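> Quick one: this structure, given as structure tokens, is what I'll be asking you about.
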Amino acid sequence: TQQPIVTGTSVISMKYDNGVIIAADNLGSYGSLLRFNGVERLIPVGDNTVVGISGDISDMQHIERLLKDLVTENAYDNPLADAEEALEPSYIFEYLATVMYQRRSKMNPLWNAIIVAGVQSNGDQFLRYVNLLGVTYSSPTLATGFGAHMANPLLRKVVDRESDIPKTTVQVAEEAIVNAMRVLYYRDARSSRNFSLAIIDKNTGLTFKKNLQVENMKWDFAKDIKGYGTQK
Amino acid sequence: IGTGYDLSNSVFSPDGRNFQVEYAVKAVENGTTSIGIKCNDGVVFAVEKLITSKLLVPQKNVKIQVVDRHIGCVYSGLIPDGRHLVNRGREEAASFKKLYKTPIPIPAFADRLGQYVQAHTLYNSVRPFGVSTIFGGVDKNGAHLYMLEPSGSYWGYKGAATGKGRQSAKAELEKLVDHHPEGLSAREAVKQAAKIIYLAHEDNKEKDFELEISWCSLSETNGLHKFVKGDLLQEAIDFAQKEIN
């Protein structure tokens, strides 16, 4: 029975009208020590999905290899596979849902919180959760780990329910994920300034933006705090 | 030849041959022409896929199959036996990928295939394989092309042939070396691959064939394997039609 040794914390995601955003800090925290820098959570799979993986970096690597063999699996025995039996986010999710459970049943849990975000080739927004209790649910907005408690309410203003999707656009959604990051940077210890942010659209395709920096920086209110409660 | 020694792929004749192993090459002859062309920056695979009647769905039947994504295989001989070997090739690649975190080198790939075929000429309750596999690709060691015989035997080749049209094929292949000591760069080798299958077909001038060309090219696919499809293929068809007449 594995325990987390090194862990990623927080992937945030949301739905918008023509596709989805998935984003996460880049960090492999070895507990209290911020051990590893430049660790990349977001792995493109096929070209219409990004799967983000938080939790044990040790389990992550293993999941990365399984994901790469799923792409390779689709090529094998197919005359083509870029629109014939092209790899959808949903197929990937189902392949993962089964293995996390199977492993849970053998009592060696893949210790992860996973969000699969993508778009289908049917025009359908896909965004769904799986984790190491093998629990699954579909929801319009998702977040894992610390970020569930913290950042997910904030996105829930932007989209509460599934009839405010057509009234939210790509510039606005992008804006909301970055303000969500700012907040994870401030108020979470295993969150770095470094972050990656991927936009999968069914029209624009994959945009993977790497090494963005938190901005809109508030620290200039800090000189007016003097003492702990009573101190002149 | 004589009586005995035939029946089981483990019995030797006096001559130092084993008739069953010999019988396995004979079986590939009846199969449909395959060629490989090695190049300084690619490999080209071409195959003659016979169409029995005009009922067949065109471009929807292949003997070219992929291993990992950088290795081409194409077989001649018995079709389903050939599938089995390629299945196993995927298994070989996949296992290497897990351990070492990298795509198979071509000499690594040749070794493990060559053993699997050899095992199935080693026992009494097994059967000898009935397929040849011209195969290869491009890797971190450059381009390589191999041709695997039904015995469990292989060697490297600059240009390789097996199947019904293999005498027309080897003859041309040799010609290719004399005219081109530089061995032909990958683009012109597509068009050229076409002309060899068109020639090989003057011993297969019975029924129609479908020309399928694939490649794996360092310069022009980025070391990955992909089929040649669309207008590239057409150009290769038109050149071959011209120069045969």
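Here's how to read the names in the structure tokens: chain A, B, ... by the order shown, residue numbers from 1 in each chain, ligand numbers from 1 in the order shown.
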Just need the residues of chain B within 8 Å of chain A, counting only C-alpha atoms, so spit them out as a list in words.

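Contact residues on the first chain: residues 60, 62, 65, 66, 67, 68, 69, 94 and 98 of chain B.
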
> Next, write the just-selected residues to a file, as a PDB file, in the first residue's frame, keeping N, CA and C atoms as the atom set.


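The resulting file, part_34.pdb, is shown below:
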```
ATOM      1  N   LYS B  60      -8.209  -0.173 -48.877  1.00  0.00           N
ATOM      2  CA  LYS B  60      -8.979  -0.566 -47.714  1.00  0.00           C
ATOM      3  C   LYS B  60      -8.534  -1.916 -47.331  1.00  0.00           C
ATOM      4  N   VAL B  62      -4.464  -3.851 -47.041  1.00  0.00           N
ATOM      5  CA  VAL B  62      -3.092  -3.362 -46.826  1.00  0.00           C
ATOM      6  C   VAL B  62      -2.459  -4.579 -46.382  1.00  0.00           C
ATOM      7  N   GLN B  65       1.797  -2.834 -42.346  1.00  0.00           N
ATOM      8  CA  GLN B  65       1.463  -2.684 -40.963  1.00  0.00           C
ATOM      9  C   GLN B  65       2.659  -2.063 -40.305  1.00  0.00           C
ATOM     10  N   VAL B  66       2.286  -1.341 -39.166  1.00  0.00           N
ATOM     11  CA  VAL B  66       3.145  -0.576 -38.353  1.00  0.00           C
ATOM     12  C   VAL B  66       3.422  -1.225 -37.031  1.00  0.00           C
ATOM     13  N   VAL B  67       4.591  -0.937 -36.457  1.00  0.00           N
ATOM     14  CA  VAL B  67       5.192  -1.437 -35.234  1.00  0.00           C
ATOM     15  C   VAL B  67       5.736  -0.149 -34.678  1.00  0.00           C
ATOM     16  N   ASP B  68       5.291   0.077 -33.417  1.00  0.00           N
ATOM     17  CA  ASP B  68       5.512   1.259 -32.649  1.00  0.00           C
ATOM     18  C   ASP B  68       4.965   2.429 -33.438  1.00  0.00           C
ATOM     19  N   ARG B  69       5.850   3.142 -34.273  1.00  0.00           N
ATOM     20  CA  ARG B  69       5.286   4.104 -35.109  1.00  0.00           C
ATOM     21  C   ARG B  69       6.356   4.531 -36.060  1.00  0.00           C
ATOM     22  N   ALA B  94       6.644  -2.922 -27.600  1.00  0.00           N
ATOM     23  CA  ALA B  94       5.952  -2.436 -26.450  1.00  0.00           C
ATOM     24  C   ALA B  94       6.684  -2.731 -25.198  1.00  0.00           C
ATOM     25  N   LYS B  98       8.458   0.143 -22.329  1.00  0.00           N
ATOM     26  CA  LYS B  98       8.298   0.181 -20.903  1.00  0.00           C
ATOM     27  C   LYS B  98       9.594   0.284 -20.128  1.00  0.00           C
TER      28      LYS B  98
END
```

> When you look at residue 169 of chain B with a cut-off of 10 Å (counting only C-alpha atoms), what residues show up, excluding the ones that are within fewer than 3 positions of it in the same chain? I need them as a list in words.

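Counting only the stated atoms, we get residues 33, 34, 35, 36, 159, 160, 161, 162, 163, 164, 165, 166, 172, 173, 174, 175, 196, 197, 199, 200 and 201 of chain B.
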
> From the DSSP assignment of the backbone, select every residue of segment 51-111 of chain A that is alpha helix (DSSP H), and format the answer as a PyMOL selection string.

chain A and resi 57-75+89-104

> For the atom pair atom CA of residue 13 of chain A and atom CA of residue 142 of chain A, what is the interatomic distance in Å to one decimal place?

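So the two atoms, atom CA of residue 13 of chain A and atom CA of residue 142 of chain A, lie 5.5 Å apart.
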
> I want to know what sits within 12 Å of residue 220 of chain B, based on only C-alpha atoms, with residues of the same chain fewer than 6 positions away left out; could you give that as a list in words?

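The filter keeps residues 41, 42, 43, 44, 138, 185, 186, 187, 188, 190, 214, 226, 227 and 228 of chain B.
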
> Could you save the residues just selected, with N, CA, C and O atoms, as an mmCIF file, in the first residue's frame?


```cif
data_model
loop_
_atom_site.group_PDB
_atom_site.id
_atom_site.type_symbol
_atom_site.label_atom_id
_atom_site.label_comp_id
_atom_site.auth_asym_id
_atom_site.auth_seq_id
_atom_site.Cartn_x
_atom_site.Cartn_y
_atom_site.Cartn_z
ATOM 1 N N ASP B 41 18.418 8.335 -46.278
ATOM 2 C CA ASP B 41 17.608 9.233 -45.398
ATOM 3 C C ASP B 41 16.228 8.744 -45.329
ATOM 4 O O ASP B 41 15.317 9.493 -45.040
ATOM 5 N N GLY B 42 16.015 7.427 -45.688
ATOM 6 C CA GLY B 42 14.669 6.910 -45.566
ATOM 7 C C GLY B 42 14.739 5.414 -45.872
ATOM 8 O O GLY B 42 15.838 4.782 -46.000
ATOM 9 N N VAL B 43 13.551 4.818 -45.993
ATOM 10 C CA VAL B 43 13.321 3.517 -46.403
ATOM 11 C C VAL B 43 11.977 3.759 -47.112
ATOM 12 O O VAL B 43 11.192 4.646 -46.689
ATOM 13 N N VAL B 44 11.642 2.946 -48.143
ATOM 14 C CA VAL B 44 10.370 2.873 -48.877
ATOM 15 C C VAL B 44 9.911 1.471 -48.932
ATOM 16 O O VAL B 44 10.762 0.555 -49.032
ATOM 17 N N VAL B 138 13.746 3.741 -39.666
ATOM 18 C CA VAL B 138 14.798 4.673 -39.407
ATOM 19 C C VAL B 138 14.803 4.895 -37.919
ATOM 20 O O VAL B 138 13.730 4.920 -37.299
ATOM 21 N N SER B 185 17.910 9.369 -52.969
ATOM 22 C CA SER B 185 17.254 10.018 -51.850
ATOM 23 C C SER B 185 15.779 9.672 -51.831
ATOM 24 O O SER B 185 15.264 9.151 -52.778
ATOM 25 N N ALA B 186 15.071 9.939 -50.681
ATOM 26 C CA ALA B 186 13.814 9.254 -50.303
ATOM 27 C C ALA B 186 12.764 9.616 -51.275
ATOM 28 O O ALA B 186 11.939 8.678 -51.558
ATOM 29 N N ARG B 187 12.667 10.876 -51.828
ATOM 30 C CA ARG B 187 11.437 11.396 -52.632
ATOM 31 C C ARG B 187 11.211 10.590 -53.906
ATOM 32 O O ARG B 187 10.057 10.206 -54.182
ATOM 33 N N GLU B 188 12.421 10.424 -54.627
ATOM 34 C CA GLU B 188 12.542 9.875 -55.984
ATOM 35 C C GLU B 188 12.450 8.350 -55.797
ATOM 36 O O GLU B 188 12.060 7.759 -56.826
ATOM 37 N N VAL B 190 10.151 6.897 -53.978
ATOM 38 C CA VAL B 190 8.790 6.558 -53.962
ATOM 39 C C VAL B 190 8.361 6.235 -55.373
ATOM 40 O O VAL B 190 7.718 5.213 -55.614
ATOM 41 N N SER B 214 4.439 3.125 -48.734
ATOM 42 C CA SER B 214 4.611 3.794 -47.468
ATOM 43 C C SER B 214 6.051 4.070 -47.319
ATOM 44 O O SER B 214 6.773 3.559 -48.148
ATOM 45 N N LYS B 226 4.566 6.585 -41.862
ATOM 46 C CA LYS B 226 3.302 7.045 -42.320
ATOM 47 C C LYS B 226 3.147 6.479 -43.630
ATOM 48 O O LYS B 226 4.112 6.223 -44.323
ATOM 49 N N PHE B 227 1.913 6.321 -44.116
ATOM 50 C CA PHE B 227 1.670 5.894 -45.435
ATOM 51 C C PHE B 227 1.887 6.994 -46.398
ATOM 52 O O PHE B 227 1.632 8.162 -46.098
ATOM 53 N N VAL B 228 2.277 6.720 -47.662
ATOM 54 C CA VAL B 228 2.205 7.712 -48.719
ATOM 55 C C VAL B 228 0.793 7.690 -49.282
ATOM 56 O O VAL B 228 0.307 6.683 -49.746
#
```

> To one decimal in Å, tell me the separation between atom CA of residue 73 of chain B and atom CA of residue 63 of chain A.

28.8 Å

> Nearest residue to residue 139 of chain B out of B:13, B:8, B:222, B:30, using only C-alpha atoms?

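Counting only C-alpha atoms, the residue closest to residue 139 of chain B is B:222.
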
> So, with only C-alpha atoms as the atoms that count, which of B:71, B:86, B:21, B:50 lies closest to residue 149 of chain B?

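Residue with the minimum atom-to-atom distance to residue 149 of chain B: B:21.
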
> Could you go through segment 3-171 of chain B and tell me which residues DSSP, when run on the backbone, assigns to strand (DSSP E or B), listing them as an NGL selection string?

:B and (34-38 or 42-50 or 64-67 or 71-77 or 131-139 or 142-148 or 154-156 or 159-162)

> Quick one: residues within 12 Å of residue 47 of chain A, only C-alpha atoms counted, chain neighbours fewer than 4 positions away excluded, as a VMD selection string?

chain A and resid 43 51 71 81 to 83 86 to 89 92 117 to 121 198 to 202 204 to 208
